[PDB]
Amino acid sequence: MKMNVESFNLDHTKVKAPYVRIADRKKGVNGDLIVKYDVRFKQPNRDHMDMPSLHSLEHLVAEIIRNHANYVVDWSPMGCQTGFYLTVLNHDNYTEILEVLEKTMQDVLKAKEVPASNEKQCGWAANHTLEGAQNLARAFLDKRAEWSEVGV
């Protein structure tokens, strides 16, 4: 059957994390294209990101990717804690997305702090960690070569 939600149609047991998958392409009535990418850090049901590191990598990448790209719509963590969804508008070169992510992960490692990590600009300012975030980004980076190998 075809599920209502795109990711419910992905066989999680066959993908090989880490990877960047074209999860969805929507073209608006006016022709504008919206593309969604499943950037998986951990292997489904085999591992996951602890919330403090996940939460910080969200602030860091959300803020930084937008320095390297003018077409980012959103960067949101998955509830399953194994990855993030990246949404872009009017951009459709898979390779350029990997380079943008690459440049972005590199700047995460050179970070000296986690952006807007206080009670004025965050709903849980306490739950943060730059080290964990950076640990996640380095690990993701170390397998850059495998990014386009989704596995299924």
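Quick note: we count residues from 1 along the sequence shown, nothing fancier.
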Quiz item: If you average the CA temperature factors over each stretch, which comes out higher, 105-113 or 92-100?
Solution: 105-113
Quiz item: Hey, which bit's got the bigger mean C-alpha B factor in the entry, 43-51 or 80-88?
Solution: 43-51
Quiz item: Among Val29, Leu57, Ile34, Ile65, which carries the highest Cα B-factor?
Solution: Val29
Exercise. Ordered by C-alpha B-factor within the chain, which third holds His128? Give me lowest, middle or highest, please.
Key: highest
Practice problem: Could you say whether, by C-alpha temperature factor, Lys14 belongs to the lowest, middle or highest third of its chain? | Solution: middle
Quiz item: For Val5, does the deposited CA B-factor place it in the lowest, middle or highest third of the chain?
Solution: middle
Quiz prompt | Assigned third (lowest, middle, highest) for the C-alpha B factor of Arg25 | solution = highest
Exercise. Pull the Cα B-factor of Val152 out of the PDB entry and bin it into the chain's lowest, middle or highest third.
Key: highest
